[PDB]
Every structure is written in C-alpha cells, then in structure tokens.
Amino acid sequence: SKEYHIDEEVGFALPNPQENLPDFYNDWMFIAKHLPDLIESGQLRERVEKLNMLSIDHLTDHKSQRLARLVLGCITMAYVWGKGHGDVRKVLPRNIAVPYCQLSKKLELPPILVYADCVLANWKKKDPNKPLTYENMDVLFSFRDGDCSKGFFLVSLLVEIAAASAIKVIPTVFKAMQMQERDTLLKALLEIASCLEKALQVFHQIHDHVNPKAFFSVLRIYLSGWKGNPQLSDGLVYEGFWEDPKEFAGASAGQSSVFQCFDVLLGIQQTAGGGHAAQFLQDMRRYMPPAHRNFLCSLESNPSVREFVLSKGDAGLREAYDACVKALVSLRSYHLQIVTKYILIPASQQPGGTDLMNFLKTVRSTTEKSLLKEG
Ligand code: HEM
Ligand SMILES: c1ccc(-c2cnc[nH]2)cc1
C-alpha cells in the first residue's frame with residue numbers, strides 16, 4: 001500500500017511539494033521562477049542556450065527530483081513554444097536536455113511536462129494551518145502573466161483531491177467481497193459514490209478561475225506536446241541524449257490515476273479493444289509515476305466488483321454500484337460542457353474539435369454502458 005505512494009489526504013497528489021532546490025540548481029530555478037518575464041521579453045531562449053550542464057546527483061530525495069522535473073519541464077515548454085505564437089524550437093540544447101533525460105529515466109517518466117508535474121507536484125498552502133481550499137493555495141510555476149495556470153492547475157488538483165477521499169475505501173471494497181460482507185460492501189460503494197459526487201461540485205470553480213480566451217490561446221499552447229503534432233511532426237531532439245527526435249504527448253488529465261482507477265474498479269472497460277480512445281488512455285499510463293501505474297495494474301488483477309454485484313440479485317447493491325458509475329457519467333458530462341466553452345467556442349472565434357468531442361463522448365458513452373439498471 002505504501003508502495004503505491006497514495007496519500008490518505010491528497011491521494012495521488014504529492015503531499016507537501018518542495019519549493020526550493022539546493023543552491024547548486026539556482027541557474028534552473030531562476031529561469032523557472034521568471035518564465036512570464038523571460039518569455040515575454042524574449043530572453044528565455046538565450047538563457048537556456050547558455051546554461052551549464054548541471055549534474056542530477058545533488059537531487060537526493062523524491063520530493064527534490066519531482067521539483068526538478070517540474071522546473072525542467074516548465075523550462076522546456078517555454079523553450080519549445082517560445083512566446084507561443086507558432087515559432088518553435090526543434091532541438092532542446094544538451095545542457096538542459098541531458099540532465100532532464102537522466103532525471104526522467106530515474107523517475108521512470110517521459111522527458112516532457114506531465115500531469116504529475118504541473119498539477120500533482122505544483123502546489124502549496126499559503127497558510128499551513130488552514131485547509132486545502134483554493135483561497136489558501138497557490139501553484140509554484142506559471143508560464144505567462146494572465147495564462148490562468150493557477151486556476152487550471154489548482155482546480156484540477158482540487159478535483160483530484162476530492163476524488164481521493166474515495167481511494168482509501170477501495171481496500172474495504174475488496175475485503176468485503178472476499179469476506180462476503182454484503183452491508184460493508186454497500187456502505188463502501190455508497191461512500192465512493194458520495195466522494196465522486198463531491199468532486200463534481202469542486203469542478204464548478206473552473207468557471208471562476210479560468211477564462212476561455214486565455215485558456216485557449218495561451219495555456220493550452222504551453223501544455224501541448226510533440227506527438228502527432230504537425231508543428232513538430234517528428235518530435236523533439238533531445239540534444240546529446242538521443243540521436244533521433246522523439247515524440248511525447250503534452251500534459252493531459254488522461255494521465256490522472258484518479259479517473260483511470262475508478263474506471264478499473266467499476267469494470268468500465270475504458271482501455272479495452274483497439275480504438276483510438278482506449279489506446280490514448282492506455283498510452284497515458286506510461287506518463288504516470290511508476291508507483292501509481294503499479295497501483296492501476298494491481299486493481300486490474302483483483303476480482304471484479306461489477307461481476308460480484310451482478311451475481312447477487314440485490315437491488316441495494318445494484319443501486320450503490322450504479323451511483324458510482326452515474327457519478328462518473330455526471331463528471332464526464334459536465335467536463336464536455338466545459339470543453340465546449342473553453343475550447344470549441346474560443347476556437348470558432350479566432351481570425352480538430354470534432355475529434356476531441358468524439359474522444360470524450362466515446363469515454364462518456366463507455367461509462368454509461370456500464371450502468372446495470374438504466375439510471
Ligand atoms: C478548461 C478546463 C478544461 C479543458 C479545456 C479540458 C480539456 C480536455 C481535453 C482537450 C481532453 C482530451 C485529452 C487531451 O487532450 O489531453 C480532456 C480530457 C480529460 N480531462 Fe479535461 N479539460 C478541462 C478541465 C479538466 C479538469 C478540471 C479535470 C479534472 C481533473 C479534467 C479531467 C479530464 C480527464 C479525466 C480527461 C480524460 C478523459 C476522461 O477520462 O473522461 N479536465 N480534457
Ligand atoms: C494540467 C491540468 C489539467 C490538464 C487537463 C485537463 N483536462 C485534460 N487535461 C492538463 C494539465
């Protein structure tokens with residue numbers, strides 16, 4: 001269990017992320033802390049180009065390697081996309097590419113910014129005695145003034161944490177199935193349903209803290225990758241680390257272990273078959289920290305909650321199971337509405353979206369198809 005690096009309070013998010021690196025990495029830290037200015041005034045690229053190659057060995061624990069991932073990943077996005085107006089670098093300079101690749105290998109993560117970087121590790125309490133609420137939180141790194149990264153990253157994080165309340169119930173679910181404890185099972189499912197329902201309310205804050213124009217035309221540009229991306233159709237050259245350019249997807253909540261873990265728990269077969277949706281979500285596992293990916297693997301290897309509940313002729317159980325599925329449908333439905341507002345409308349207003357809506361609708365529909373009764 002401790003092997004899975006799941007926090008009782010923050011779930012898959014990294015508890016108390018670190019904010020400073022050893023003095024030895026000030027050169028990295030200074031660029032990452034000043035990205036809005038450096039990018040805007042056109043100093044970012046030359047600074048990166050002028051860095052000495054720093055060794056990764058003075059990053060001695062997990063939290064500090066994670067902070068360096070976040071730093072280097074942000075710097076890399078800034079360097080590749082520049083001011084975010086379509087002029088793009090195709091080579092990442094060795095003095096940054098080499099340690100970032102080394103560090104990424106060590107953490108078993110791709111050398112690009114992932115969800116686990118810019119959400120799960122990218123946050124702090126303002127006041128350590130107050131609760132984890134938006135007003136008491138901040139992010140550690142942004143790209144551009146006005147990019148709304150704080151609102152986008154924190155509200156993801158807050159959803160992620162609300163859903164974590166349910167994660168701790170999962171061992172109860174499996175124990176109750178093996179012990180044939182019917183009332184314990186039912187209570188456990190109603191409790192998962194309740195947390196996933198809470199996570200929806202938390203989603204509503206996206207409208208308060210993120211503005212569609214700034215999201216669509218700025219933040220989205222900095223989070224994009226180089227896989228199947230025509231601005232970088234062969235990927236990115238990690239100078240000095242690989243000979244050939246490599247492709248990696250940009251940061252995506254398809255990399256959240258939260259939603260993937262409930263789809264597995266409930267037997268919603270999100271990654272089955274060979275369609276586009278299933279493959280993208282299977283591929284996104286390779287972007288999750290290894291401990292969380294081992295967690296998903298071990299969920300798949302347990303007996304099926306859905307089969308258990310379907311074989312019992314127990315309406316109470318059926319309805320508790322359906323309330324879990326329905327909570328996921330509701331969340332995915334609200335999310336589709338958000339995408340219409342934050343991507344589809346802004347895109348239509350500028351002087352593709354159908355493949356995106358269809359991907360999301362396929363995932364929602366596969367979730368709906370899992371309802372036992374129809375509700
Ligand atoms: C402005 C707000 C948001 C926009 C524009 C948006 C956009 C998208 C897009 C474009 C995808 C497709 C895959 C990809 O391109 O990476 C997606 C998938 C997804 N998003 Fe968001 N998103 C938003 C907010 C959120 C938030 C707050 C969460 C909560 C953690 C979230 C969870 C997901 C998940 C889990 C998927 C994967 C498909 C699924 O499991 O249903 N999104 N989103
Ligand atoms: C950081 C936070 C959230 C996201 C995201 C939201 N929906 C899809 N990806 C991507 C990066």
Side-chain angles (χ1 to χ4, degrees), residues 1-8 10-13 115 120 159-200 253-273 277-278 281-282 284-285 288-289 291-312 314 316-333 335 362-373 375:
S1 220
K2 272 212 133 176
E3 270 15 83
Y4 300 130
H5 295 354
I6 300 167
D7 184 78
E8 168 88 344
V10 303
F12 297 98
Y115 186 79
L120 301 188
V159 170
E160 180 78 37
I161 292 162
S165 317
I167 285 140
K168 71 205 193 234
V169 179
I170 293 173
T172 305
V173 168
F174 293 122
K175 185 127 264 136
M177 269 154 77
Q178 94 166 326
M179 301 323 180
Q180 301 292 318
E181 285 299 318
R182 181 271 186 193
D183 297 325
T184 309
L185 183 56
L186 167 67
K187 184 207 181 201
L189 301 164
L190 294 166
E191 166 61 23
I192 287 158
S194 180
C195 298
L196 297 177
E197 278 159 12
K198 283 171 163 62
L200 175 57
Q255 303 158 355
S256 169
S257 309
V258 154
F259 286 78
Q260 295 230 19
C261 109
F262 291 103
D263 280 339
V264 166
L265 187 66
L266 307 164
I268 286 172
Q269 265 175 18
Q270 214 59 263
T271 62
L281 290 167
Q282 184 58 35
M284 286 313 94
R285 292 163 176 208
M288 300 172 181
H292 300 165
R293 117 168 66 100
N294 298 342
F295 181 66
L296 297 180
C297 169
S298 97
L299 294 174
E300 328 261 22
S301 299
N302 297 96
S304 163
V305 180
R306 183 174 167 84
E307 276 326 291
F308 184 103
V309 170
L310 261 178
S311 73
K312 293 292 173 300
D314 184 334
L317 272 181
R318 278 203 315 273
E319 283 147 28
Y321 171 88
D322 277 2
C324 299
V325 174
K326 213 295 255 282
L328 288 176
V329 178
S330 289
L331 281 164
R332 298 178 154 131
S333 286
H335 179 261
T362 292
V363 175
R364 172 170 66 179
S365 155
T366 302
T367 310
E368 267 163 350
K369 276 169 185 25
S370 285
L371 288 161
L372 302 183
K373 202 223 186 181

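Values below: every heavy atom of this structure, side chains too, minus hydrogens, waters and symmetry copies. All residue numbers in this chain count up from 1 along the given sequence.
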>> Please give me the minimum heavy-atom distance between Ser330 and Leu200, naming the atom from each residue.
In response: CB-CD2, 4.0 Å

> Could you walk me through whether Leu371 and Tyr321 pass the side chain to side chain contact (heavy atoms under 4.5 Å, CB included) check?
Replying inline: CA-CA 8 Å; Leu371 288 161; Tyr321 171 88; over 6 Å; no

> Any side-chain heavy-atom pair from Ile192 and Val173 closer than 4.5 angstrom?
Replying inline: yes

> Counting only N and O atoms by type, is there a donor-acceptor contact under 3.5 Å from the side chain of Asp322 to the main-chain atoms of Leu372?
Replying inline: yes

> Are there more than 12 heavy atoms of other residues, nucleotides or ligands under 6.0 Å from atom CD of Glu8?
Replying inline: no

> Going through the distances and angles, do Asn302 and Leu265 end up as a side chain to side chain contact (heavy atoms under 4.5 Å, CB included)?
Replying inline: CA-CA 9 Å; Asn302 297 96; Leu265 187 66; over 6 Å; no

> Would the number of heavy atoms belonging to other residues, nucleotides or ligands and lying under 6.0 Å from CD of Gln269 be above 12?
Replying inline: no

>> Strictly below 4.0 Å, N to O, side chains only: are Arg285 and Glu300 in salt-bridge contact?
In response: yes

>> If I compare all heavy atoms of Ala162 with all of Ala199, which pair ends up nearest, and what's the gap?
In response: CB-CA, 3.7 Å

> Do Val258 and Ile167 touch side chain to side chain, with heavy atoms closer than 4.5 Å?
Replying inline: yes

>> A side-chain contact here means heavy atoms from C-beta on lying under 4.5 Å apart; do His5 and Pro289 qualify?
In response: no

>> For the backbone of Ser365 and the side chain of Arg332, can you confirm whether one donor and one acceptor N or O come within less than 3.5 Å of each other?
In response: no

>> Let me confirm one number: the CD-SG distance from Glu191 to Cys324, rounded to the nearest 0.5 Å.
In response: 9.5 Å

> Pick from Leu328, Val363, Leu281, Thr367: which one makes a side chain to side chain contact (heavy atoms under 4.5 Å, CB included) with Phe259?
Replying inline: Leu328

> How far apart are the closest heavy atoms of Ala291 and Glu3, and which atoms are they?
Replying inline: CB-O, 3.5 Å

>> Rounded at 0.5 Å granularity, tell me how far SG in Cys195 sits from CZ in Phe262.
In response: 7.5 Å

Enumerate donor-acceptor pairs with a distance under 3.5 Å from any side-chain N or O in residues 182-189 to protein atoms, sequence neighbours excluded.
unit_1	atom_1	unit_2	atom_2	d
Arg182	NE	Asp314	OD2	2.7
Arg182	NH2	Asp314	OD1	2.8
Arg182	NH2	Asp314	OD2	3.3

> Do any N or O atoms from the side chain of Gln255 and from the backbone of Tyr115 form a donor-acceptor pair under 3.5 angstrom?
Replying inline: yes

>> I need the single residue from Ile6, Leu266, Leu299 that forms a side chain to side chain contact (heavy atoms under 4.5 Å, CB included) with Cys261. Which is it?
In response: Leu299

> Does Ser194 use its side chain to pair, donor to acceptor, with the backbone of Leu190 at less than 3.5 Å?
Replying inline: no

>> For the CD1 atom of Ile268 and the NZ atom of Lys369, what is their distance to the nearest 0.5 Å?
In response: 12.0 Å

> Do the side chain of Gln260 and the main chain of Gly254 share a donor and acceptor less than 3.5 angstrom apart?
Replying inline: yes

> About how many Å separate CD of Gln178 and CD of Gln180, when rounded to the nearest 0.5 Å?
Replying inline: 9.5 Å

> What pair of heavy atoms forms the shortest contact from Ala278 to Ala272, and how long is it?
Replying inline: CB-O, 3.3 Å

> Taking it one step at a time, do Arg364 and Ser333 satisfy side chain to side chain contact (heavy atoms under 4.5 Å, CB included)?
Replying inline: CA-CA 7 Å; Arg364 172 170 66 179; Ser333 286; 2.8 Å; yes

>> Return the CZ to CG distance between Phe12 and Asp7, rounded to the nearest 0.5 Å.
In response: 11.5 Å

> Just by distance, do the side chain of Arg293 and the backbone of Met288 share a donor-acceptor pair under 3.5 Å?
Replying inline: yes

>> A cation-pi test, strictly: NZ or CZ of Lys2 under 6.0 Å from the centre of the six-membered ring of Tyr4 and no more than 45 degrees from its axis. Yes or no?
In response: no

> Can you tell me how far the NE2 atom of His292 sits from the OG atom of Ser256, to the nearest 0.5 Å?
Replying inline: 10.0 Å

